């Protein structure tokens, strides 16, 4: 029988691989079911068997597939010195991503780095790292956060494959996951409203679970679904007593710092 699951090519540029790691924390479905039954994951450096020229051949076979493919991009694009500070198989990352983007059925940027540039773009940006859209002038479906919840990434992939392009906000993020502020769903909101704040991490107020706004919490300016869905089915940063860093916002490394202040 002639069979085909939609081809996904996943590229790693200037990244920490935390987005790949987040993706494999999915439980609806688990990652094995996704790659056995739903997609054909045709290039993925972190987990693929082929290496070297065999891996590069697998990439080319996927990019030339007659059925087309979806492109997932993890990491920013380092552009300084002709793109040479980030290379795979002797090719600048920006060159390979440009080529893959040009024929992709759709482009999903997993993480703040591919969506907006991320940690390596933070001032003074030694490698002149750029987000994918910033570098290439192409529209992308952005699944940001550092890393995003697998619920948001796998949810977006499944949506793209079964329903179409989900409604995106002005930062390219699906409203399904990014339509609400972290703060608006935070269980510490009743403390915030009552101006009940922890003045320090050692304080009795912190022990009592008071709001973390005075300690820098960016929940009020950050669009994500963290308190609603949790991470790892168990926790999220504020529940663990720590302020939100704003990690799903563009350029947060520069716009949300200092992290323990309200700048």
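Numbering follows the first chain given and starts at 1.
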{"property": "Higher-B stretch (mean Cα B-factor, as the entry records it), 153 to 161 or 71 to 79", "result": "153 to 161"}
{"property": "Of 82 to 90 and 111 to 119, the stretch whose C-alpha atoms average the higher B-factor in the entry", "result": "82 to 90"}
{"property": "Top residue by Cα temperature factor, when 183, 139, 130, 191 are compared in the entry", "result": "139"}
{"property": "61, 235, 222, 44, ranked by C-alpha B-factor: the highest one", "result": "61"}
{"property": "Assigned third (lowest, middle, highest) for the C-alpha B factor of residue 230", "result": "lowest"}
{"property": "Residue 48, C-alpha B-factor rank within chain (lowest, middle or highest third)", "result": "lowest"}
{"property": "For residue 27, the third of its chain into which the C-alpha B factor falls", "result": "middle"}
{"property": "Lowest, middle or highest third - CA B-factor, residue 217", "result": "lowest"}
{"property": "Record-listed C-alpha B factor of residue 145: chain third", "result": "lowest"}
